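Report on the structure given below.
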Amino acid sequence: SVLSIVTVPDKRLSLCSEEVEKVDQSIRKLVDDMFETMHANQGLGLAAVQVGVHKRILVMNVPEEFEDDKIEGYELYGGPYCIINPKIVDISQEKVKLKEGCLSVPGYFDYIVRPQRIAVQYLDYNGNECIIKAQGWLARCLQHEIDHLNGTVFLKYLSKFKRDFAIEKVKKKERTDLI
Amino acid sequence: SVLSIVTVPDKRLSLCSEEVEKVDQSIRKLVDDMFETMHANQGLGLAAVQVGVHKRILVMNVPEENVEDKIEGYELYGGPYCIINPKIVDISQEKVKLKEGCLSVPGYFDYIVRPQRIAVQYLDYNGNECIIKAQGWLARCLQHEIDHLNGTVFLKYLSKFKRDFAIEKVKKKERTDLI
Ligand SMILES: [Cl-]
Ligand SMILES: [Cl-]
Ligand SMILES: [Zn+2]
Ligand SMILES: [Zn+2]
């Protein structure tokens, strides 16, 4: 089932998401829907708040670059990942500027600086404890999605001028769609 | 002004706290009250949620271990600290086992394993960007309080028997006994 996506400036995107008490059948079904929704919209990541549910769950799928080094244990790509209750346990001092987009801010893309590498503990689809050590786009996607769980969209890091233009561009597309 | 402290098993202690949008006079007043409430109850730290407000604000005062290396340039004690919107930007992989208490779990103490050192970016009392590089008890307290902002009391890391023993100790300790 392909779910509807909450878009800015919907205030639901600004509220923090709660911890999942246990990974049961009902969490798995939500995770299936979230993944189907992400794949249907051609996204690399998706937080539950983006489908209207305030729980600390995200899914990711970062394909390998069509190619024209890693630290031992780290990954630059992969998935699908189901990441529940993520906890940051290590984060790089080195930062990288990359272009980001988001399904909750459709049609707007901008450059954001974040740590290059991050290690995160989480519960997986099966309810088992895991660790993901992430670099490159995998680390990028993961931090972007963790922001959603804390009630943060990537516009927060931009100047007020760009943020407001972004929000007004999302709405003008929706208002122009209704002419 | 001395506020009443929310104590376990109050469900409010399990909800996540929200980002503070602007550090205005209403925020400083809440911080003033949190300091007074902390001093009055003999505490080293306090999160806003412990006084019933779900916002990302904590205060600490740690006054002046062969289980930890003393690292140059990290604070072992100090304060008073007003820490708003804390963001963890670095965290040690070395950990340490230390005894903790909590004003929301009065009368109960136990040993908890946490990272030895943390670096945290934050806004201070006047809304200015700051950074704290903490170790020793300063970092233990800071981590304990950040946990509250995320809906976690230290009983989470203990076995269920101990968590429920502690909670029962609180329920009994809150009755002044009719002798
Ligand atoms: Cl976890
Ligand atoms: Cl900050
Ligand atoms: Zn997004
Ligand atoms: Zn506490």
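Following the order of the structure tokens, first chain is A, next is B, and so on, with residues numbered from 1 inside each chain and ligands from 1 in the order they appear.
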**OP:** Report as a list in words the set of chain B residues whose atoms approach chain A to within 10 Å, with distances computed over only C-alpha atoms.
**Re:**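 Taken together, these residues fit the definition: residues 14, 15, 16, 17, 18, 19, 88, 89, 90, 91, 92, 93, 115, 150, 151 and 152 of chain B.
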**OP:** Enumerate as a ChimeraX atom specification the residues within 8 Å of ligand 3, counting only C-alpha atoms and all ligand atoms.
**Re:** /A:45-47,50,101-105,144-145,148,153-154
**OP:** Just list the residues in segment 15-58 of chain B DSSP gives alpha helix (DSSP H) on the backbone, as a list in words.
**Re:** residues 25, 26, 27, 28, 29, 30, 31, 32, 33, 34, 35, 36, 37, 38, 39, 40 and 41 of chain B
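Between ligand 4 and the candidates B:67, B:103, B:166, B:82, the tightest atom-to-atom separation, counting only C-alpha atoms and all ligand atoms, involves B:103.
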Original post:
For residue 83 of chain B, which residue among B:134, B:105, B:167, B:47 is the nearest when counting only C-alpha atoms?
Top reply: B:47
**OP:** Residues within 12 Å of ligand 2, counting only C-alpha atoms and all ligand atoms: report them as an NGL selection string.
**Re:** (:A and (156-157)) or (:B and (19-23 or 56-57 or 83-89 or 120-124 or 127-132))
Subject >> Best match for closeness to ligand 1 among A:59, A:120, A:27, A:170, counting only C-alpha atoms and all ligand atoms >> reply: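 Checking each candidate against ligand 1, we get A:120 as the closest.
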Subject >> Shell around residue 49 of chain B at 8 Å using only C-alpha atoms, local window under 6 positions removed, as a ChimeraX atom specification >> reply: /B:6,12-13,17,55,148-149
When DSSP is applied to the backbone of this structure, which of segment 59-144 of chain A are assigned strand (DSSP E or B)? Write them out as an mmCIF file with N, CA, C and O atoms, in the first residue's frame.
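See out-v5.cif below for the written result:
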data_model
loop_
_atom_site.group_PDB
_atom_site.id
_atom_site.type_symbol
_atom_site.label_atom_id
_atom_site.label_comp_id
_atom_site.auth_asym_id
_atom_site.auth_seq_id
_atom_site.Cartn_x
_atom_site.Cartn_y
_atom_site.Cartn_z
ATOM 1 N N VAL A 59 13.171 4.046 6.851
ATOM 2 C CA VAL A 59 13.650 3.089 5.882
ATOM 3 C C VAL A 59 14.525 3.827 4.874
ATOM 4 O O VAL A 59 14.332 5.023 4.604
ATOM 5 N N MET A 60 15.481 3.095 4.311
ATOM 6 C CA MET A 60 16.443 3.647 3.359
ATOM 7 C C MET A 60 16.734 2.624 2.306
ATOM 8 O O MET A 60 16.722 1.443 2.591
ATOM 9 N N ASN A 61 17.050 3.105 1.108
ATOM 10 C CA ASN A 61 17.651 2.294 0.037
ATOM 11 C C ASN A 61 18.504 3.205 -0.855
ATOM 12 O O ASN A 61 17.970 4.016 -1.638
ATOM 13 N N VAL A 62 19.823 3.096 -0.684
ATOM 14 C CA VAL A 62 20.801 3.882 -1.419
ATOM 15 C C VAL A 62 21.520 2.971 -2.417
ATOM 16 O O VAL A 62 22.326 2.129 -2.036
ATOM 17 N N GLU A 75 29.908 1.150 5.238
ATOM 18 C CA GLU A 75 29.306 1.033 3.913
ATOM 19 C C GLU A 75 28.992 2.415 3.321
ATOM 20 O O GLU A 75 28.570 3.337 4.040
ATOM 21 N N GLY A 78 23.710 0.850 0.161
ATOM 22 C CA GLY A 78 23.039 -0.416 0.391
ATOM 23 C C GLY A 78 21.615 -0.240 0.847
ATOM 24 O O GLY A 78 21.053 0.862 0.837
ATOM 25 N N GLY A 79 21.049 -1.349 1.284
ATOM 26 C CA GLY A 79 19.644 -1.409 1.643
ATOM 27 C C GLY A 79 18.976 -2.530 0.877
ATOM 28 O O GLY A 79 19.617 -3.240 0.106
ATOM 29 N N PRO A 80 17.670 -2.687 1.069
ATOM 30 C CA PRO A 80 16.855 -1.855 1.950
ATOM 31 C C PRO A 80 17.206 -2.011 3.427
ATOM 32 O O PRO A 80 17.572 -3.107 3.859
ATOM 33 N N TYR A 81 17.094 -0.907 4.172
ATOM 34 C CA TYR A 81 17.317 -0.871 5.616
ATOM 35 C C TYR A 81 16.032 -0.516 6.347
ATOM 36 O O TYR A 81 15.300 0.351 5.912
ATOM 37 N N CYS A 82 15.772 -1.170 7.463
ATOM 38 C CA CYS A 82 14.697 -0.768 8.352
ATOM 39 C C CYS A 82 15.343 -0.388 9.660
ATOM 40 O O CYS A 82 15.973 -1.208 10.302
ATOM 41 N N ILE A 83 15.194 0.869 10.060
ATOM 42 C CA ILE A 83 15.914 1.397 11.234
ATOM 43 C C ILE A 83 14.950 2.001 12.234
ATOM 44 O O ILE A 83 14.314 3.036 11.982
ATOM 45 N N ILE A 84 14.840 1.325 13.376
ATOM 46 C CA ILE A 84 13.881 1.666 14.396
ATOM 47 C C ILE A 84 14.650 2.097 15.630
ATOM 48 O O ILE A 84 15.672 1.504 15.971
ATOM 49 N N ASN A 85 14.182 3.147 16.290
ATOM 50 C CA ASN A 85 14.854 3.645 17.484
ATOM 51 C C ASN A 85 16.345 3.929 17.273
ATOM 52 O O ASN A 85 17.168 3.499 18.053
ATOM 53 N N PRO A 86 16.697 4.676 16.237
ATOM 54 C CA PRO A 86 18.124 4.873 16.017
ATOM 55 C C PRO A 86 18.804 5.659 17.142
ATOM 56 O O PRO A 86 18.243 6.612 17.665
ATOM 57 N N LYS A 87 20.013 5.240 17.491
ATOM 58 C CA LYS A 87 20.834 5.925 18.479
ATOM 59 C C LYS A 87 22.186 6.204 17.825
ATOM 60 O O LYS A 87 22.820 5.283 17.342
ATOM 61 N N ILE A 88 22.629 7.463 17.828
ATOM 62 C CA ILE A 88 23.934 7.824 17.279
ATOM 63 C C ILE A 88 25.008 7.443 18.268
ATOM 64 O O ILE A 88 24.939 7.875 19.392
ATOM 65 N N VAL A 89 25.954 6.582 17.881
ATOM 66 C CA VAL A 89 27.052 6.176 18.801
ATOM 67 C C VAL A 89 28.477 6.657 18.443
ATOM 68 O O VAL A 89 29.409 6.493 19.246
ATOM 69 N N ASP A 90 28.635 7.231 17.250
ATOM 70 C CA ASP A 90 29.879 7.801 16.786
ATOM 71 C C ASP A 90 29.550 8.670 15.573
ATOM 72 O O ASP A 90 28.694 8.315 14.746
ATOM 73 N N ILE A 91 30.236 9.792 15.451
ATOM 74 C CA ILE A 91 29.984 10.712 14.377
ATOM 75 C C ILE A 91 31.256 11.458 14.020
ATOM 76 O O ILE A 91 32.026 11.838 14.907
ATOM 77 N N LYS A 95 33.198 17.181 7.802
ATOM 78 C CA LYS A 95 31.861 17.493 7.257
ATOM 79 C C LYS A 95 31.920 17.607 5.747
ATOM 80 O O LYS A 95 32.954 17.996 5.173
ATOM 81 N N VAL A 96 30.801 17.296 5.099
ATOM 82 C CA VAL A 96 30.742 17.361 3.631
ATOM 83 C C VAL A 96 29.472 18.085 3.181
ATOM 84 O O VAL A 96 28.416 17.931 3.789
ATOM 85 N N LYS A 97 29.597 18.871 2.115
ATOM 86 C CA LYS A 97 28.485 19.613 1.511
ATOM 87 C C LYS A 97 27.912 18.792 0.371
ATOM 88 O O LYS A 97 28.621 18.475 -0.558
ATOM 89 N N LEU A 98 26.634 18.444 0.440
ATOM 90 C CA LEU A 98 25.998 17.686 -0.628
ATOM 91 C C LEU A 98 24.624 18.267 -0.947
ATOM 92 O O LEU A 98 24.015 18.915 -0.103
ATOM 93 N N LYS A 99 24.135 18.027 -2.167
ATOM 94 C CA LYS A 99 22.817 18.480 -2.555
ATOM 95 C C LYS A 99 21.784 17.496 -2.047
ATOM 96 O O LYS A 99 21.898 16.285 -2.292
ATOM 97 N N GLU A 100 20.765 18.022 -1.359
ATOM 98 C CA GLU A 100 19.675 17.213 -0.808
ATOM 99 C C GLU A 100 18.329 17.587 -1.398
ATOM 100 O O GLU A 100 18.090 18.738 -1.759
ATOM 101 N N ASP A 110 18.707 21.681 -2.234
ATOM 102 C CA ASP A 110 19.767 22.612 -1.839
ATOM 103 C C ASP A 110 20.939 21.893 -1.139
ATOM 104 O O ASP A 110 20.851 20.708 -0.800
ATOM 105 N N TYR A 111 22.044 22.622 -0.980
ATOM 106 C CA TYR A 111 23.271 22.066 -0.447
ATOM 107 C C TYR A 111 23.267 22.158 1.061
ATOM 108 O O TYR A 111 23.003 23.216 1.614
ATOM 109 N N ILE A 112 23.548 21.040 1.720
ATOM 110 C CA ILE A 112 23.609 20.991 3.164
ATOM 111 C C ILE A 112 24.926 20.355 3.615
ATOM 112 O O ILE A 112 25.361 19.338 3.070
ATOM 113 N N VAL A 113 25.554 20.967 4.610
ATOM 114 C CA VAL A 113 26.754 20.443 5.206
ATOM 115 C C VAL A 113 26.368 19.564 6.395
ATOM 116 O O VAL A 113 25.613 20.000 7.253
ATOM 117 N N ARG A 114 26.832 18.307 6.409
ATOM 118 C CA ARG A 114 26.724 17.439 7.573
ATOM 119 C C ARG A 114 27.962 16.546 7.705
ATOM 120 O O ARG A 114 28.744 16.396 6.760
ATOM 121 N N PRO A 115 28.117 15.907 8.873
ATOM 122 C CA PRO A 115 29.172 14.938 9.030
ATOM 123 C C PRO A 115 29.212 13.914 7.893
ATOM 124 O O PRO A 115 28.188 13.468 7.378
ATOM 125 N N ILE A 118 28.910 8.382 10.128
ATOM 126 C CA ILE A 118 28.096 8.245 11.334
ATOM 127 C C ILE A 118 27.900 6.773 11.642
ATOM 128 O O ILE A 118 27.764 5.954 10.715
ATOM 129 N N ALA A 119 27.948 6.412 12.911
ATOM 130 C CA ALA A 119 27.595 5.060 13.334
ATOM 131 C C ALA A 119 26.347 5.119 14.228
ATOM 132 O O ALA A 119 26.259 5.959 15.140
ATOM 133 N N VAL A 120 25.407 4.212 13.985
ATOM 134 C CA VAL A 120 24.072 4.272 14.568
ATOM 135 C C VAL A 120 23.639 2.866 14.996
ATOM 136 O O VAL A 120 23.784 1.914 14.217
ATOM 137 N N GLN A 121 23.159 2.727 16.238
ATOM 138 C CA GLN A 121 22.536 1.508 16.725
ATOM 139 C C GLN A 121 21.046 1.618 16.566
ATOM 140 O O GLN A 121 20.469 2.684 16.761
ATOM 141 N N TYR A 122 20.414 0.497 16.279
ATOM 142 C CA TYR A 122 19.007 0.489 16.004
ATOM 143 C C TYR A 122 18.422 -0.905 16.169
ATOM 144 O O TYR A 122 19.156 -1.896 16.250
ATOM 145 N N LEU A 123 17.095 -0.958 16.206
ATOM 146 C CA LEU A 123 16.370 -2.209 16.090
ATOM 147 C C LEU A 123 15.998 -2.416 14.620
ATOM 148 O O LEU A 123 15.566 -1.470 13.947
ATOM 149 N N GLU A 129 18.870 -6.132 17.674
ATOM 150 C CA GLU A 129 19.827 -5.030 17.824
ATOM 151 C C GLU A 129 20.918 -5.079 16.755
ATOM 152 O O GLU A 129 21.620 -6.077 16.614
ATOM 153 N N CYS A 130 21.080 -3.971 16.046
ATOM 154 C CA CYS A 130 22.100 -3.843 15.000
ATOM 155 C C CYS A 130 22.837 -2.506 15.093
ATOM 156 O O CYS A 130 22.412 -1.568 15.787
ATOM 157 N N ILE A 131 23.929 -2.446 14.346
ATOM 158 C CA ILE A 131 24.761 -1.274 14.222
ATOM 159 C C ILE A 131 24.979 -1.083 12.726
ATOM 160 O O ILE A 131 25.239 -2.037 12.026
ATOM 161 N N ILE A 132 24.828 0.132 12.223
ATOM 162 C CA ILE A 132 25.211 0.443 10.849
ATOM 163 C C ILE A 132 26.301 1.486 10.890
ATOM 164 O O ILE A 132 26.145 2.513 11.560
ATOM 165 N N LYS A 133 27.419 1.221 10.213
ATOM 166 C CA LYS A 133 28.461 2.201 10.092
ATOM 167 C C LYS A 133 28.406 2.735 8.669
ATOM 168 O O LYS A 133 28.520 1.976 7.730
ATOM 169 N N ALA A 134 28.191 4.041 8.514
ATOM 170 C CA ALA A 134 27.781 4.606 7.233
ATOM 171 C C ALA A 134 28.707 5.712 6.835
ATOM 172 O O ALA A 134 29.143 6.470 7.684
#
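Take the candidates B:76, B:158, B:179, B:27 and check each one against residue 126 of chain B using only C-alpha atoms; the shortest distance goes to B:27.
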Original post:
If you measure from atom CA of residue 126 of chain A to atom CA of residue 23 of chain A, what distance in Å do you get, rounded to one decimal?
Top reply: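 Atom-to-atom, atom CA of residue 126 of chain A and atom CA of residue 23 of chain A are spaced 7.2 Å apart.
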Subject >> Within-10 Å residues of ligand 4, basis only C-alpha atoms and all ligand atoms, as a VMD selection string >> reply: chain B and resid 7 13 43 to 47 49 to 50 100 to 106 141 to 149 152 to 155
**OP:** Pick out the closest residue to residue 147 of chain A from this set: A:8, A:166, A:30, A:49. Count only C-alpha atoms.
**Re:** A:49
Subject >> Contact residues around residue 33 of chain B with only C-alpha atoms at 12 Å, ignoring same-chain residues under 4 positions, as a VMD selection string >> reply: chain B and resid 1 to 5 26 to 29 37 to 40 46 to 48 50 to 51 53 57 to 59 82
Selection from above, N, CA and C atoms, as a compact mmCIF listing (two decimals), in the first residue's frame, can you write it?
# COMPACT_ATOMS: atom_id res chain seq x y z
N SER B 1 11.72 30.38 41.73
CA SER B 1 10.48 29.70 42.22
C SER B 1 10.68 28.17 42.17
N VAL B 2 10.30 27.46 43.24
CA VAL B 2 10.56 26.01 43.33
C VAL B 2 9.40 25.17 42.83
N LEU B 3 9.61 24.50 41.71
CA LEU B 3 8.54 23.74 41.07
C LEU B 3 8.49 22.29 41.60
N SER B 4 7.31 21.68 41.46
CA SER B 4 7.15 20.27 41.77
C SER B 4 7.79 19.46 40.65
N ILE B 5 8.41 18.35 41.05
CA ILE B 5 9.15 17.51 40.15
C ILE B 5 8.34 16.28 39.77
N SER B 26 10.34 34.12 28.19
CA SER B 26 9.58 33.01 28.77
C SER B 26 10.47 31.79 28.97
N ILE B 27 11.47 31.63 28.10
CA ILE B 27 12.43 30.54 28.23
C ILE B 27 13.39 30.82 29.39
N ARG B 28 13.95 32.01 29.44
CA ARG B 28 14.80 32.36 30.58
C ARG B 28 14.07 32.21 31.93
N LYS B 29 12.79 32.58 31.99
CA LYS B 29 12.05 32.43 33.24
C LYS B 29 11.96 30.95 33.64
N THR B 37 14.80 25.18 41.36
CA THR B 37 14.29 23.86 41.70
C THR B 37 15.42 22.83 41.88
N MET B 38 16.48 22.96 41.08
CA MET B 38 17.66 22.07 41.18
C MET B 38 18.46 22.35 42.47
N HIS B 39 18.76 23.62 42.73
CA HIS B 39 19.43 23.99 43.96
C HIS B 39 18.62 23.47 45.15
N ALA B 40 17.31 23.71 45.14
CA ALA B 40 16.48 23.39 46.30
C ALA B 40 16.40 21.90 46.61
N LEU B 46 18.99 18.90 35.80
CA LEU B 46 17.53 18.88 35.67
C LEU B 46 17.09 19.23 34.23
N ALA B 47 16.16 18.44 33.69
CA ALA B 47 15.58 18.64 32.37
C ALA B 47 14.20 19.25 32.53
N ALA B 48 13.75 20.01 31.54
CA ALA B 48 12.49 20.73 31.65
C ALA B 48 11.33 19.78 31.85
N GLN B 50 11.20 17.18 33.57
CA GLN B 50 11.10 16.84 34.99
C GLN B 50 10.26 17.84 35.76
N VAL B 51 10.05 19.04 35.20
CA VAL B 51 9.08 19.98 35.78
C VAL B 51 7.86 20.16 34.88
N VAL B 53 7.40 20.31 31.47
CA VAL B 53 7.45 21.06 30.21
C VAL B 53 8.25 20.30 29.19
N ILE B 57 15.47 21.67 27.01
CA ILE B 57 16.17 22.60 27.88
C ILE B 57 16.64 21.81 29.07
N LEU B 58 17.91 21.94 29.43
CA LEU B 58 18.43 21.37 30.67
C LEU B 58 19.42 22.31 31.36
N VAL B 59 19.56 22.12 32.67
CA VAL B 59 20.50 22.87 33.46
C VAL B 59 21.37 21.88 34.25
N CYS B 82 23.23 26.45 31.33
CA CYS B 82 21.95 26.45 30.64
C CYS B 82 22.26 25.94 29.26
**OP:** Find the residue from A:140, A:22, A:39, A:171 that sits nearest to ligand 1; use only C-alpha atoms and all ligand atoms when measuring.
**Re:** A:22
